[PDB]
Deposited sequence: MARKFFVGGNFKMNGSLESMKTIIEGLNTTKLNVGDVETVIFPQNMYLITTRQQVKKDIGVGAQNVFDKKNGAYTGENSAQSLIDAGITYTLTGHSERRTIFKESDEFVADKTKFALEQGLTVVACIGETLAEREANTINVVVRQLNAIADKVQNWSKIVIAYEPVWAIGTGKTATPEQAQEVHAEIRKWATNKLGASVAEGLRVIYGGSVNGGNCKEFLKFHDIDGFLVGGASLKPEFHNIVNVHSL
């Protein structure tokens, strides 16, 4: 059985007051840590103070990382520096970085590989646009995942997040439609990586979800958790994290 995983991507948001409020809120919600692996991904400048202030049962992750050792890359986050401060997770390949900053498949794979070597869990993000949904959903996620497979041998500390990029515009993606893609991701992992990798690999839904319908999403057969966007800034996040009780 794959452990339920809930990540909260705060994106480019935050003030000192709102980060304190979110963190003190997570510190007081009743977590069954054996039931859920919970991680928050705050805007870069808050990474260290978030790790200091949020309780040990909640992981902290970066929203992006570069693919090289410490060096002359102004503006970037270092995988070495992150884990030296207790930041043990990172996103790679978020659709906003693929689309706005044109991060390539290979660059996302290279960042993933380096972050894994340096000791982080990587939430590697994938997903197709509306134009790609027309006929090429499977081919797009397969291409995105293949690029990571080319560089990464050990998947025990990857979790894949599927973003229905086509729906950020489109309407709301339904749980059915998520299940479809998730099943395809699990087929791909079985064929490329082996059944025992595919059966342990968390595939979390990255499209819009709230605490009321996330139960409807986990009713479907290949959805292991969520990468929550805007709800992760709100009290609603605690009802997604805590859904099993």
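Sequence ranges 1, 171, 248 have no coordinates in this entry (deposited sequence, numbered from 1, C-alpha basis).
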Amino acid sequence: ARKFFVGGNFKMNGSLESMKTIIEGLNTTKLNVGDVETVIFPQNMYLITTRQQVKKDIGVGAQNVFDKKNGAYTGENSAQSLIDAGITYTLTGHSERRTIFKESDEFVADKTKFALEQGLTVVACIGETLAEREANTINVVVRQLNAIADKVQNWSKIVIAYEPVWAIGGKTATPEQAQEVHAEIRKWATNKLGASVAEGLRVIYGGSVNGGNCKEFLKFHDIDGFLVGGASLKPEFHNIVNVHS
From here on, numbers count along this sequence of modelled residues.
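Checked against the record, the higher mean CA B factor of 180 to 188 and 37 to 45 lies with 180 to 188. Between 133 to 141 and 103 to 111, the higher mean Cα B-factor belongs to 133 to 141. As recorded in the entry, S196 carries the highest CA temperature factor of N70, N64, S196, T50.
Taking the deposited Cα B-factors for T74, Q153, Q80, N146, the highest one is held by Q153. When all modelled residues of the chain are sorted by CA temperature factor, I223 is found within the highest third. The entry lists a Cα temperature factor for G86 that places it in the middle third of the chain's modelled residues. When the modelled residues of the chain are ordered by their C-alpha B factor, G93 lands in the lowest third. Sorting the modelled residues of the chain by their CA temperature factor places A124 in the lowest third. In the deposited entry, the Cα temperature factor of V165 places it in the middle third of its chain's modelled residues.
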